[PDB]
C-alpha cells in the first residue's frame, strides 16, 4: 500500500490480539494504509536485566524503527524524550481536544514543555485473593486484609507444606505487580527524589530498606530456594495462563485490574475477590498506582501523520470503550470509560472503586527512571535470592544507579 506503517506492541495473548485486531480492521477499511503490527516484549523499551541495551533504542539507532509504538507504562517517556528517541506531538495535537483524556493520564505525557505521547489505556493496581483457599483456612472469603500486618498473618495460614515441600503459598511479595517501582509507593516512598536522582541506599531512603526487609522476611521464613522451586516455570510478573494466581498456587497476589481477564479466561472455576492493596506501615490507606499504556512516535518514524490518524481512529469513544472492555482496562477517554460495559461487571466495580476512593500515587517523571528501576530490580532480586543482605544489596544498587 501507499503507506506501510509498522507498529510495535508490548505483549502477546488477549491484549496483543486486541491491538492486532484494531490494526487489521483499520487496514481493511483504509485502502492506502497497511499496518504491520509486531509484538516486541515491552515495546523494546521496558527495563531489562541485560547489559543496558534495549531493542527500541537499538531500532532508533539503526534508522528504521517502527512508525508507532505502544508501551505498557508511563515510566519511560521522560527518558525517551530527553534522548530525542521519540518526537514531540504538540503540532499534531494542538487542535485536538485533550480535555477528553483523564487529567492524570494526559499530564504524564508532558515533558519539558512538550507533549511526547497519548494515553491508550488507564491502569490501577489491586489485590486479588482466592476465596476457596480463604474458606479452607477459616477466613471470611469476603474480607481481604486491610494492612500488610493482616496480610502477613493470613499468608501464613494460607501456606501449605507436605513433608517439607511447599504445595501452596499464601503470598509472594514480588510476583504479579509486586515490583519495586510499584511497592515503593505502597510503602510511601520512591526510587528517585524530587530532582529525579536515585535514592536506593539505606542511608538515602530508609523506607525502601523497610520494604525490602519485609519482602525478604518471606524469603527467610519459607526458604528462598523453596520459593524459587515452587514457582519455577510460572509467569512471575505478567498475567498468563501459568501465573501463580491463575494456577491457584498462591492465595493472594498484587496485580493490575487487567488480571481479571486472565483469571476468567484460563481458570473459569477460580473463585476470586478483587480489592484495595493492604496499607503498609508508612504508606497511605488503600494505595494504588495509577498509570497506563502510552502511544509514542519514534524518532525515525516514516509516517507520523498516518500513525496519528490511526491513533485517532482507535480513540473513537465506542471503539475504545469496546477495546477497554475486551482487555479489562479503563478507557483513557472520560466519555468512553463511562459507557464501558464493564461498569456492570462485579469484579470491575471493585476496580472502579479503587480508582475513585483509593490513595492514588503516580510514577515520578525522571529521565533516569528505567536505569534506576534496573538497579532496584537487581538489588531486590539479589536480596530475595540471599546473594546479599538487603542493606548491602541496596548500597550496591545506589552505586549502579549513579
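Numbering follows the first chain given and starts at 1.
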* Asked: As stated in the PDB record, which stretch has the larger average Cα B-factor, 205 to 213 or 232 to 240?
  -> 232 to 240
* Asked: Between 44 to 52 and 355 to 363, which has the larger average Cα B-factor in the PDB entry?
  -> 44 to 52
* Structure fact -> When the entry's CA B-factors for 256, 275, 119, 113 are compared, the highest one belongs to 113
* Structure fact -> Per the deposited entry, the peak Cα B-factor within the set 164, 283, 178, 298 goes to 164
* Asked: With respect to C-alpha B-factor, does residue 60 fall in the lowest, middle or highest third of the chain as deposited?
  -> middle
* Structure fact -> Among the modelled residues of its chain, the C-alpha B-factor of residue 246 falls in the third labelled middle
* **Among modelled residues of the same chain, the CA temperature factor third for residue 317** => highest
* Place residue 84 in the lowest, middle or highest third of its chain's C-alpha B-factors, as listed in the PDB entry. => highest
* To do: Report the third (lowest, middle or highest) to which the CA temperature factor of residue 91 belongs, ranking only the modelled residues of the same chain.
  => middle
